[PDB]
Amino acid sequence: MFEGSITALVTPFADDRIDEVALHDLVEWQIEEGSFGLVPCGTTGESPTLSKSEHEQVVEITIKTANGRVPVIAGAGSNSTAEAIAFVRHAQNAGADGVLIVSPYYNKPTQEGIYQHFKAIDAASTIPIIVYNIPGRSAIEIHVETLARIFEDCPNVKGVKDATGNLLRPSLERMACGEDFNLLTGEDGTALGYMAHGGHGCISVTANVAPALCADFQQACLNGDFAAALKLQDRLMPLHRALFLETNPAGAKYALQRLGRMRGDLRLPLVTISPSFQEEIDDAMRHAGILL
């Protein structure tokens, strides 16, 4: 199974193009810093504003740079089943260790619809699928029973990236699906409590800016050392909330730009985080020890 701090990579842009060098450097630093894995082209990587070819470039750059040192789980979802499949076919042919498929957004399929969506994607897949359940953005939910049915009927579906904010979920999924079900969290601020519930790791936003600390936090939870994990939460909380002041990845890109690791370029409809929030992010990093 996948575990620990798995970074949901921000996608650096420069001159309206993918910043190849900044991305390679981001991935390398991410690995030498301790990340257990990478997720290129997720929501944090601004997948919605990426072109088909850019998405492919980012997945491939990430796969070639990681060079098998850590798992690479390519974001390959869509609210169109046929397109999710095209993305999944590219990911696996590119050497990806797995894919992250979000629940169809906007068109609000029924549970049977969501079921058939993943069954079709599972069929065209040859790698691990992690179901990305985030009702807050997709405007639809994946019921525990539906999730359980998908896990049971789709050999490639191995787990979930839970972003419901409902902590009964990891426990209810441990019941519906066994202990062999891969439980990953999609939200940093509550990863502490998610791990206590039997979670395996977190596809992280904060790890983009504080990779080493997030790695230690995760490793601390994996070692069952929740006291250390708490102290780490104490150090990382200001950043966890500051990174979400407005809409992610606006804060993560400001943070990484403030660190001189990329330009802070965001693509419309997203815009640069508000200035007062930029200060809060600064003090948040100073508090974590990231910013001098």
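Residue numbers here begin at 1 and follow the sequence given.
Higher mean CA B-factor, judged across 37 to 45 and 237 to 245 from the recorded values: 237 to 245. Of the two segments, 218 to 226 and 104 to 112, the one listed with the higher mean B-factor is 218 to 226 (C-alpha atoms only).
As recorded in the entry, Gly178 carries the highest CA temperature factor of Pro135, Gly75, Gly178, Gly193. Ranked against the other modelled residues of its chain, the C-alpha B-factor of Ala14 as given in the entry falls in the highest third. Per the deposited record, the Cα B-factor of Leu50 falls in the lowest third when ranked against the other modelled residues of its chain.
When all modelled residues of the chain are sorted by CA temperature factor, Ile273 is found within the highest third. Among the modelled residues of the chain, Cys154 sits in the highest third by CA temperature factor in this PDB entry.
In this PDB entry, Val209 carries a Cα temperature factor that places it within the highest third of its chain's modelled residues.
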